[PDB]
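Both blocks below hold the same protein chain, though in two forms, and each is given as C-alpha cells: structure 1 and structure 2.
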Structure 1
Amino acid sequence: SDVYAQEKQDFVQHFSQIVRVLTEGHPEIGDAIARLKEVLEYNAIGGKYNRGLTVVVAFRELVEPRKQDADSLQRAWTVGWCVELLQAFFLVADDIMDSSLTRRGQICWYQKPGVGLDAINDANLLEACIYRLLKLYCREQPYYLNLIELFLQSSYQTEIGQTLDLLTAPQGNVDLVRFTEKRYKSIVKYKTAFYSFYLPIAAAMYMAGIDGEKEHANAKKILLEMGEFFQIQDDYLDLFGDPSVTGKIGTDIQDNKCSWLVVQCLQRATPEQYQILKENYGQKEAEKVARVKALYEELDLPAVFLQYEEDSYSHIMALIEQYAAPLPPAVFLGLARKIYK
C-alpha cells in the first residue's frame, strides 16, 4: 500500500521522457507533433495507472535481479506506458461512441472546443504511439515481435468485445432478451479482461524470457477470471458503491448497459418484475431509475453479490494454486489484493 504507491510515483515520472521521444529533423510536421503532445498529455495522464504499473511490478518479480540493469528497467517502464496508451486509445474512442460528457473528472477530449470528431484521428495516433515506443526501445530485444503481436491481439480482442457490446446494448433499444449470462461473460472477457489483466502480465512474461505457449495459457486462465470478477464488482459499485469512495456516480441503468446486475435481476425476476424492468430500464427518468434500484434491492442482489465475491475469491485462490507455477504466486496475489478489497 505504501511500497506499491511509491512505485507509482516513478511510473508517472517516466512519462515526460515518453513524451519527449514521441515528439522529436522534420520541420513542417512540427504542428502535428505539437498536437500529438496535447493528445498524450490530456488522455494518458490522470488515471491510477494499475494496468501500466502491473507490467513494472511483474517484470521485477519475474527477472533475476542481476539481469535488471538501467536499460532493462527503462524498457519495463516504457512497455507499461504502452499499456496505458492502448487504454487511452480505447477510452477516447469509447467516449465518442457512447456520447460521454466527462472522464477521470474532466471534460472528455472530444467534447473540448476545436476537437470534436477529430478525436478519432487523435485516438488512432495514441494507438500508433505504442508501436513507435516498442520500436524505439525494444527492437533489438528477442521478445520484440512477441510484444507487437501481444498488443495487436489485445487491440483486436478489445475491439471485438466492443462490437459485441454495441450489438447487445443499443442506446434507445429496450431489449432485455439480449442480456444473458453467457453474453455478459463473453463481453467482459473480450472487452475488458484480456487487455486489463492478461496483457500486462503477458508483456512482463515475454520481457522475462517466458515465451512458452503453456505458461502463457496458464497465466491467462487465472487472469481472465480475475478480469471477470473485476468487471462484476465494477457493475455492482456503479449502483451500490458509496460514491465518495469510488469517484463516480453510476449511469448503467439509464444507459441500457448489459450490467452484471440486470443479468442477475433477469434470472430472478417474475413476469411482473420483468415488466417493471422492461418499462424502466434504459430510461433517464430519476423515478424510473429509482424503481430499478428498488427491484434489485427487493431481489437481494447486494447479498447475491457478496456471495459471488466470496465464491470468486476461493475460485481465484484455487486457480492460482493450480496454474501459477512456475511463476511466483506473488505475481497473481498482488493483483488479487488490489481487486478483492
Structure 2
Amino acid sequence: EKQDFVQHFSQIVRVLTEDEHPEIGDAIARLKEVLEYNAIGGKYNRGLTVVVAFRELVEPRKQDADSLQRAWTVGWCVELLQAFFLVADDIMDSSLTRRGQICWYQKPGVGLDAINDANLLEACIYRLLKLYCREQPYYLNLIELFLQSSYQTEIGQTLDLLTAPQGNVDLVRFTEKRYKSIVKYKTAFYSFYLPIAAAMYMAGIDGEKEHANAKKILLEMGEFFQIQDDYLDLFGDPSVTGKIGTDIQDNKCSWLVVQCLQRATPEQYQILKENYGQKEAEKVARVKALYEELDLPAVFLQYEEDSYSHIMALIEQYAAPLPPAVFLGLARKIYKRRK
C-alpha cells in the first residue's frame, strides 16, 4: 500500500512543477526542493488513510483510474498540510531534527525563509484540489474541510504556545481539562478526522450524523496519538522517532507534566517549578528523574491500554453504517507505536 502511495509523489511534484512561466523557474525549483525535504520521510498514516478508506467505501466497479488518482492526490494533500505545519512547528519549538534529518529551517542557507516555504506547501493543497477535483460534486466540501482543519489546528497551536511561555513558570495551567482542549484542536482534527472525512466526501457521504459519528471516534483517537507523542518526546529513541525532544525545555503542557502534577507532593511540585521550562540540561535531567521516580512510564502504559479499549468501544458504537475496518486499520496502526 505504502509503496504505491509513496510512488505517486513524483506525479504530484511533476504537476506542481509543470507550472513552467519560465520567469518563476527558480521559485519552482525551490518549491520542488521544499516538497522533497519536507513531505517525504514520515509514516504517511494520514495520506494512506485517505486511500485505504476510499477503497473501502467505494464499490470497486466505480474505482476507475481517474478516481483512484484523485484519492492518491487528496492523500498527498493531507501529507502537505502536515508538512506545512511541521516546518512551522519546528521553528516555534526550536527543534533540531525531523524524520531523521535536520529540521529544514536549520539547514544552512534556509533559516527563517522556511516560513514562506511552509505557506507555499499549504497553497499546493488548493492547487492540487483545483487541478484534480474541480469538476467533482465534492469539490467545495473538500476545500471547506481543508480550510476548517487548518483553522482548528492554528487555534490549538495558539493554545499550545500560550500555555508554554519561554521565561515564565506556568504549572498552574497544566491541567487535564486544558491538555484535552489543546490536543483536540492542535492534533485530532487534522491527523484523524480530516483524512477519513476527505474520503467520505469523495464516496458521496456528507450526512451530518455520519460525519459527527466518525468525529466521535477519530477525535478520541487523536487525543491518544498526541499522548503517545508526548511520551516519545522524553522516553523515545531519537534514532527511531527521527526527532530530538524539546517539551520540558519549551515549557510545554505535555501529558507527562499534567500527570506529574496530579501525583506530586508539594516538595515534588517545587522540584518541577525550579527545573521545568528551561534549557539547562541538568534541570531537564532532574525533571525526567522525577518522572521515572513517579512511575509515569507505567502510568502511560496503563492509560494506553484503557484508552485503546474505550476507542474500540466507540467503534462498536459509532462505526455503522461504515465498515469497522476503516477505523480498526488506523487504530491498530498507531497502537503500541515507538515511532
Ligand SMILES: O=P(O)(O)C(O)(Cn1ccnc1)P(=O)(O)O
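Just so we're on the same page, residue numbers count up from 1 along structure 1's sequence. The term rigid core refers to the maximal set of C-alpha atoms that superpose within 1.5 Å between the two forms.
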Decide which single structure shows the form solved without the ligand, answering 1 or 2.
-> 1
Residue 243 C-alpha shift between structures 1 and 2 of 2 Å or more, rigid core reference | yes
Residue 40 C-alpha relocation of at least 2 Å between structures 1 and 2, rigid core basis = no
Superpose on C-alpha atoms and tell me the smaller rigid part's rotation against the larger one between structures 1 and 2, in °.
-> 11
Core-referenced Cα shift (Å), residue 310, between structures 1 and 2 | 2.6
In Å, how far apart are the CA positions of residue 286 between structures 1 and 2 with the rigid core superposed?
-> 4.3
Shift of the Cα of residue 100 between structures 1 and 2 with the rigid core overlaid, in Å, rounds to 1.2
